[PDB]
Amino acid sequence: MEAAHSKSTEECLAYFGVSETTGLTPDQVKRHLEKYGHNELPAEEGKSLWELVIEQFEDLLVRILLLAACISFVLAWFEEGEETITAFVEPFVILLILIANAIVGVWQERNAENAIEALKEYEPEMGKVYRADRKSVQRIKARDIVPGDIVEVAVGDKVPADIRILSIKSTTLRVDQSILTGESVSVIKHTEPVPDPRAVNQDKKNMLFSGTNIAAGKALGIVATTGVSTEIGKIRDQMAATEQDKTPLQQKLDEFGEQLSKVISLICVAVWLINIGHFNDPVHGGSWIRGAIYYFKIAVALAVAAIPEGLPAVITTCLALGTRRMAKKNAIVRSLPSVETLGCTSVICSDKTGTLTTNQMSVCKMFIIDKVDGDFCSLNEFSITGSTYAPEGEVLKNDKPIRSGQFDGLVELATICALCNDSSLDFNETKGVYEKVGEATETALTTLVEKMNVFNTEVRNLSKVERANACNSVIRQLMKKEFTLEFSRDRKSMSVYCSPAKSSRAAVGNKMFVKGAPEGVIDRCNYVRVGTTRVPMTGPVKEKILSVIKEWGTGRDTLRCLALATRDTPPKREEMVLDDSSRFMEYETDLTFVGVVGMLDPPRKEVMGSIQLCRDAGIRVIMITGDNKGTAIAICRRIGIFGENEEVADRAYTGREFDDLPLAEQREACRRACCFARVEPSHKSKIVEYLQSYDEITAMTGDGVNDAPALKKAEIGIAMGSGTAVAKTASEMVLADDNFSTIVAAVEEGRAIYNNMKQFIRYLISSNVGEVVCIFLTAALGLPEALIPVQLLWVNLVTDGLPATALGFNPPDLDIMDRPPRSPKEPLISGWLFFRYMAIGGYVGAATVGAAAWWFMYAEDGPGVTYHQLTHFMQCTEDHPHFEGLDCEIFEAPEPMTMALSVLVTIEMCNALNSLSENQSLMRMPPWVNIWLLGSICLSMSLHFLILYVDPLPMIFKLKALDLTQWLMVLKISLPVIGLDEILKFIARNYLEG
Ligand SMILES: C/C=C(/C)C(=O)O[C@H]1C(C)=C2[C@H]([C@@H]1OC(=O)CCCCCCC)[C@@](C)(OC(C)=O)C[C@H](OC(=O)CCC)[C@@]1(O)[C@H]2OC(=O)[C@@]1(C)O
Ligand code: ALF
Ligand SMILES: [Mg+2]
């Protein structure tokens, strides 16, 4: 039934044609069960083991490096016995790394908790219905409940489905709807209709929502909707349909390989144009079948030279280490890719209760009457410190500590708070903290009484377990609570009947202690207590009292206020009719006003500061809460989201108000407003989405089940360490410490990491440039292969793979948190940096090819072959005449190729020092600042030797160690790089900007 909250009890029964007295028939149940399905949230299992892997290859650069791997195997057959000892060493290491990351890849992702699983933990296994099937109530499987069922709920019960309340059995039905509002306070339901068809959950006080629980009372209702058609279902649907977007960095990479596929494809065809001068001459020394082999080989070369493999492993390494670092800072990162995105945050959306606040109601102000005299009435106001349920704190009179026991009014105020209470305190020994037992607004009263210690009870030596209710028990010993007149909706107050301890039932001196909404209570008072005396309530006194209640109830504190009173001469136990509550208000009459207490859920101590720091980093903070607007705005002023006196008419909205604005208005509203109150779960995700429609990287921080959709939606969802499992499993990070401050340090860590990732992302890609310049030259220039695609891999995995990981340790800046969030679009390489790496790029390309063509012409132990007979090195065994000198097997010699690889390596070992800073001369910025980089270059050079000496290696790589005569040469061809880029680093920093 849609909109059951807007209809009457009769209309709802009619709608399904059911009897409140008998319930559905076995037929009706079967028909409904088929028409609506089972009352269950569809389970969503994670991707299978097979999927995870396949998804691994889904990457373009990965599918291009795989295609080349195949062509590298198809042509792995065509080979003779000269090198028949190593023919498939390439098709091996090419797919070895592919399946290496693929496998490991799934070793991180397949390890994740499911949010819907956690969510279904709010689904009860059992429910209670009245089926025509039989007379007494049946207890069946919740999933077997259907719309139209007549259900019964009782205190402690976890509501089975979205139900329209039919009849409330007790005086009141109290419900905890924190899974939908994040507020634990008991909501008092009723059965009357709620007209507005757009009423938010907080407004549907005639409905019971699946997943919530009964705090107190017994009720009968009719099921309106089940399964995914419930409020918890919408939460479930927003979490199912999600799939976090690709981080900003991943997009830059996906863009890179998006072009690499175009550039390479274009370079191949490019070289093709330079191979038309051999197609003309009518020669049969190379058929088409053979003629194609050339291209498929040069292609596999370009691919392995372009695709900067190894990077995917360098990144994962930096992040993994960062995560360990952040964990030390109390920030558990569940999604590595989010670490980078957190530094790029411009807006932080935050839940209020239990996130910005402690979620522990605390009484911080209270007053009693001082003296009365005609139109003059003065109050004794006090303040109480303490923001938790712990009995730690003091009572302040004018900011100066005092003893409550001195004031008689406070002895009575405390007596009422201890007696007119159904809650208590408890010390959780396992957790080492004090926790409430029962309602929060009542435990605040319990806690206040322990702090006041109006009878000066000796408590310093009691165990924390016994300290929890010490002072309350003392008071419970003075008066016996005969019975309590439970709260009534038409009274807004509650009272308890008490007789003196150790007196006869006939004895005189009984009292009623009242607690309630100030208006009603104060109006039933005809007297005001003064110390231990009592004088008549008069217009002046009443106005004095109501004036301060008004200030406290709506100010910069907007506190929940309770008036405490007592009936000095209550009715005789007998003449009281307890079974009829409409008679209670009259019993709670002729009252003596005693005092007022003011409470609120405080903010966490370190939140104002944390938000100021966020502001410094150019990050805005917005509040989105299910709690009411008045207290939401109050808290916003207390933590600095609003000015103590700022006008917020257009800067704060309730969910309902927001829903009224048209779409374009809603959007703009998210840019202007900083406080959204009395919202529903989907309102939070919608706000985050609007924020994202302006291309802002938004973080969401919360602790409730109602925060899940938004947490899921935000680029960076951050859950409170001591919050719900649902929130945690939907987040990218968890603040084990529960401090907002931690978020700030995580953003800082996020900015620093990316800065370092920026360098080694350039370093590696840079290297890959010089490589392609090489393969390009020795492709349209005729020359033999200076470097084979089976060597590059090792270089881009171990040679550069080490300096990279070393760069991820560059010392971060100081002004890191004084600059505004960087744009998601900010490119890695462009402008002068595009050219600077273009020069170094082509350079290495010819720096290697030059060392190869050097071992021939201007060489030593090599044939001084002329450049012409060098480029035509092919025509040797076919054209002996023209081209002739030595043996035709000196080209594929392990010398020329082993001369270019030494250059490439020596260059990149110098380029890693050039990447220690964008526009900074290595001389100005000591290349030894990063000790891990120096030691890194060593391990690479040593491994460059090891890949020569130990024969089992240079065999597959086709390399041969060089001596001083040759090695000294490399140092003089690569070393000049600390100049080109050195001069270039001067240009930008002296002719562009700094
Ligand atoms: C792997 C190696 C290379 C050389 C490659 O093809 O990189 C190109 C390329 C695809 C881009 C370019 C390279 O393009 C050129 O250098 C122009 C053509 C000259 C080649 C001559 C043939 C020998 C990057 C690498 O380099 C330079 C030095 O100019 C910079 C940048 O890349 C980034 O910002 C890094 C993103 C991870 C990208 O223009 C980028 O395309 C984009 O979409 C960007 C925005 O990304
Ligand atoms: F704790 Al909330 F909205 F769920 F402030
Ligand atoms: Mg909360």
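Read the numbers this way: they start at 1 and go in the same order the structure lists the ligands and their atoms. Heads up: numbering here begins at 1 and tracks the sequence. Below, all heavy atoms of this structure are taken into account, side chains as well, without hydrogens, waters or symmetry copies.
- Distances from ligand 1 to the non-hydrogen atoms of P827 include no value under 4.0 Å.
- At the top of the distance list for atom 2 (Al) of ligand 2, counting protein heavy atoms only, stands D351 OD1, 2.0 Å.
- A pairwise comparison of heavy atoms in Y294 and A779 identifies OH-O, 3.5 Å as the closest pair.
- Ionic pairing of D627 and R678 is not present here: no N-O contact between side-chain nitrogen and carboxylate oxygen is shorter than 4.0 angstrom.
- Using a cut-off of 4.0 Å between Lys/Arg side-chain N and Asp/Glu carboxylate O, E657 and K629 are scored as salt-bridged.
- Contact annotation: for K684 versus ligand 2, heavy atoms closer than 4.0 Å belong to the side chain alone.
- Atom OD2 is the N, O or S atom of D351 at the shortest distance from the Mg ion (ligand 3).
- The Mg ion (ligand 3) has an N, O or S atom of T353 inside 2.8 Å of it.
- The heavy atom nearest to atom 36 (C) of ligand 1, out of those in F256, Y837, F834, is found in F256.
- Salt bridge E435/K431: present, at least one basic N to carboxylate O contact under 4.0 Å.
- The distance from the Mg ion (ligand 3) to the nearest N/O/S atom of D703 is under 2.8 Å.
- Ligand 2 lies out of reach of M623, whose nearest heavy atom is not under 4.0 Å from it.
- Only the backbone of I624 comes within 4.0 Å of ligand 2, counting heavy atoms alone; no side-chain atom from C-beta on gets that close.
- Remark: atom 25 (C) of ligand 1 lies closer than 4.0 Å to at least one protein heavy atom.
- Note: an N/O pair closer than 3.5 Å links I829 and ligand 1 by distance alone.
- Residue-level proximity to ligand 2 for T181 is carried by the backbone, the only part with a heavy atom below 4.0 angstrom.
- Contact annotation: the side chain of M623 never approaches that of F676 to less than 4.5 Å [non-hydrogen atoms, C-beta and beyond].
- Using a cutoff of 4.0 Å between basic side-chain nitrogens and carboxylate oxygens, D703 and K728 are not scored as salt-bridged.
- The pair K758-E826 meets the salt-bridge criterion, since a charged nitrogen lies less than 4.0 angstrom from a carboxylate oxygen.
- At a 4.0 Å heavy-atom cut-off, ligand 2 touches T625 through backbone and side chain alike.
- Of all the heavy atoms of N768, the ones lying under 4.0 Å from any atom of ligand 1 are found in both the backbone and the side chain.
- Protein heavy atoms all stay at least 4.0 Å away from atom 38 (C) of ligand 1.
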